[PDB]
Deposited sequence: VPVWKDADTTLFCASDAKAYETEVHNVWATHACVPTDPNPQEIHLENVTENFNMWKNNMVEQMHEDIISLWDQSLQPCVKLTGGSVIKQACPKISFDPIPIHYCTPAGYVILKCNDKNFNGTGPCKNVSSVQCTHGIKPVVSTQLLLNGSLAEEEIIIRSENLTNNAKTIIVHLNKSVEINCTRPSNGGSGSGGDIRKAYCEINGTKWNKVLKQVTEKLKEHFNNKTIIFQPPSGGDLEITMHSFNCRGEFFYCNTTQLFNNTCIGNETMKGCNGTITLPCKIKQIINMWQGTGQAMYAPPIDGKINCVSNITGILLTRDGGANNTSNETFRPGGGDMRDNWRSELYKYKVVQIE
């Protein structure tokens, strides 16, 4: 037996206790060693309801990544509502490692193993676990990077597809490598290379899956309509530096267009922090090639409103609520208490 319950979990990771990498250093002193002998205990013919849009686990992962970043990625200056703070900001080594979220005795995590589970609703293949899987705290917008992939057809996750204000998460079943670089020796100019032939292939598929949820209909893509730079550009952190990338060449409906699409990017110093509060200035990029090859495994979409009288739905990349970023890997988990 069990009851829908919330508690205070602990974390686990394979952090190498010697590395200077910020994540390892933080997980070394804030997480326990990964369970060496873990086991799924299959709850046969048990059907439990899940919900990833109202999950405390997300919030508990948020507090960690807010803490980890604030312990390691310190800005030279914090313009937090006037309270401008000058402090130290040495360049560091930044590469996320997997983190596990375990329950204390008296509770357990129920993991939905349905291959087509969309995050909400009921699950029929429930199994019980003590620690989640190695989740990578990847901070990014528009595109979800370095995550897990749907084990079947493309899944469309949303707290309510009808409400257009609720964000749409797309869990791809095939990753698309995005390769970003800042050439050695303007030091903020950079670019991301994406195979245009796989992107549109996968982009086509997303449309197909999106038509199913909107009474077939016409599904068009358009760049974001206003907002802060962090959301109009595909923002992400690579080797510690903040890359801003113009995804105008990906969210056009052009598709003689299937070569290597090169995205213009800029390493930005003034960042509109994702943890909340305000702005923060960082030091200029390190010398050398700042290269990060990453898997696109999801997309942050936001549908336009008012097309109820029209015959087409417009979709624009979203982001900025990193809670929906962890939400894309914690969807299959849920904390219940052993009553």
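Residues 1-2, 188-194, 265-271 of the deposited sequence have no C-alpha coordinates in the structure.
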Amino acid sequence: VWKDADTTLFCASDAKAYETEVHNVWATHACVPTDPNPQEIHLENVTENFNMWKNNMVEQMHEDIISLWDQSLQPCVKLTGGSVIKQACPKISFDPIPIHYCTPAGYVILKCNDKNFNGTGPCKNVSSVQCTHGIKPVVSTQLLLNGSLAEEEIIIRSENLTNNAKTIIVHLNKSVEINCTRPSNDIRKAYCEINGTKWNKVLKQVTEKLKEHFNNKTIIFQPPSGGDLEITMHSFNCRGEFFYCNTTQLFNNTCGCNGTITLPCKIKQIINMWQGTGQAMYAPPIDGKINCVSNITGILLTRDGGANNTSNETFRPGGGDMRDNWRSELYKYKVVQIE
From here on, numbers count along this sequence of modelled residues.
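Two stretches are in play, 61-69 and 300-308, and the higher mean C-alpha B-factor belongs to 300-308.
Just going by the entry, 134-142 versus 165-173 on mean CA temperature factor gives the higher value to 165-173.
Comparing the listed residues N216, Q222, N179, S235, the entry records the largest Cα B-factor for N216. Across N295, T314, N56, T28, the entry's maximum B-factor at the CA atom is seen for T314. For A88, the recorded CA temperature factor ranks within the highest third of the chain's modelled residues. In this PDB entry, the Cα temperature factor of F242 sits in the bottom third of its chain's modelled residues, the lowest group. Sorting the modelled residues of the chain by their CA temperature factor places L229 in the lowest third. Among all modelled residues in this chain, the alpha-carbon of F10 has a temperature factor (C-alpha) in the lowest third. In this PDB entry, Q279 carries a Cα temperature factor that places it within the lowest third of its chain's modelled residues.
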